[PDB]
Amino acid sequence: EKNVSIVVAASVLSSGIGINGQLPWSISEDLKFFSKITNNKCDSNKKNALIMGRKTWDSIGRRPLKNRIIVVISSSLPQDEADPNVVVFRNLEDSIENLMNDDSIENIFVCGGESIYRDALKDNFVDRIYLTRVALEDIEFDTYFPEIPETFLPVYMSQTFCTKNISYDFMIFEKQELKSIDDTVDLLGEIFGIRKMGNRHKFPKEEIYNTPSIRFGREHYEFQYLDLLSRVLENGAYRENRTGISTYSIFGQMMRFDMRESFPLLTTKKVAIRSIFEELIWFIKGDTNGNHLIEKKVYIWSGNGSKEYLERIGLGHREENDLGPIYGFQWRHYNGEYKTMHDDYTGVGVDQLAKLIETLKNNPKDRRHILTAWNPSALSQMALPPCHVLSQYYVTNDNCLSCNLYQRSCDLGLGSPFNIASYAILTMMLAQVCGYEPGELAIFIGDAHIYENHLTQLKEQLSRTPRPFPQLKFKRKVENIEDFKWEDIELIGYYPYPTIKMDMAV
């Protein structure tokens, strides 16, 4: 009685694993993973058995794998005894004799074709599953990995890796069948009420925890957003705000995202990447004219830039979509005397973005790469004060550009994914213009809240197990950061769950 694990690499949606007797991709790191996971043994005087079908045995050139014993399932192959590293069995059931006898085999790995997988799961021989999810779906498959039976639960999901612009994951599925510290903490929490800080940051209940079976392996960085949603649903205080829609709010949170091997665009919900990009390039150009976004079919600033909203907050003198000095006016003309959105501001104010780029590519190890939008002198003239308030940038020793963002207020339903993707794109643009590679993205949030009309939606979003992050590449190298266009962005391998409509609070 020893352990049996399926090892498979399948596509993200249709679970395709093969085409015309070969793999539908060429990912070197995945083969290295197969090698390291099938060689992983505990006894130096024992080998691991790799069970595979005959067509799979043909796919690998009918040559043995070092340090391992290959077990070919076939009804026609001669039961040869010349090669001691290759043995043939007539059916999958008889080949599980490695359990009963043959104490020289430690672990068993089912890694054959669809025919072997399907009745290795049907016969209930499989204890574990090592699944490599690959983000390739608009190609042709003829061999699929069967649907994972409900008796398996995911216990690990790695970060998204990238090979030849192809995104992929690593997951573990397990088949389902000291306490003194926990008891002491529970007793202390019973004694002290909300006096014990742990009780103000309670762990989210299972019913609001995305993919609850993954306890110790929540490595995929989309969990940095779903777990924040869960924490707000668990500990969020019900509070009224400037709008008629109350929120559930907490204070002081953070999220980390990798940008080296993936792009942090949420997969549990289709995110409008084009509107995000157009808003970001609108910021970079220094523009505060709200019509330029409406002309490009981007209506995210329509609510805060209407005649009724502007008159209500005391800006009736302002034109229809004249949002005033906001993001992109403090970026390019900080402390600049604002008049209207039609005036010329070339020369006035402090060009924070230009000085930022100059410092990034002239003094990288400087600790002052800071872009701010909080200007107390101009707050009254704004249609809406800056939410993503401050950002800092950091050049690592291996020429990567990381970004930190402090955001005073975060609408986790709508604003948060937009902010994540927007500052990821901005860091990538800065990295290309300065000659670096994208690094990491940290977001520090003050008032993290969920509007009460989003609950039914966000809980729905928590029911969807995440998929690997896509890739975002630039088609050309620009000369100035303002020259980026939507046609220059290629979004590779983005297979999200369907969009979830959520109304914005004005």
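A residue's number is simply how far along the shown sequence it sits, counting from 1. Whichever C-alpha set is largest while still superposing within 1.5 Å between the two forms counts as the rigid core.
Superposing the other copies on the rigid core and comparing 270-278 to 92-100, farther C-alpha placement in 9 other deposited structures of this protein marks 92-100.
Among other deposited entries of this protein with both flanking residues present, at least a third omit coordinates for residue 177.
The entry models residue 177 and residue 178 with a gap of 10 or more deposited residues left without coordinates. Legend: mean Cα B-factor per stretch from the PDB entry, 256-264 versus 234-242; the higher mean is in 234-242.
The deposited model assigns a higher average Cα B-factor to 97-105 than to the other stretch when 97-105 and 164-172 are compared. In this entry, the residue among 325, 435, 212, 417 with the greatest C-alpha B factor is 325. Note on the listed residues 222, 123, 114, 147: the highest Cα temperature factor in the record is that of 123.
Ranked against the other modelled residues of its chain, the C-alpha B-factor of residue 449 as given in the entry falls in the middle third. Per the PDB record, residue ranking by Cα B-factor puts residue 493 in the highest third of the chain. Residue 218: CA B factor lies in the lowest third for its chain, per the PDB record. Residue 478: CA B factor lies in the middle third for its chain, per the PDB record. In this PDB entry, the Cα temperature factor of residue 396 sits in the middle third of its chain's modelled residues.
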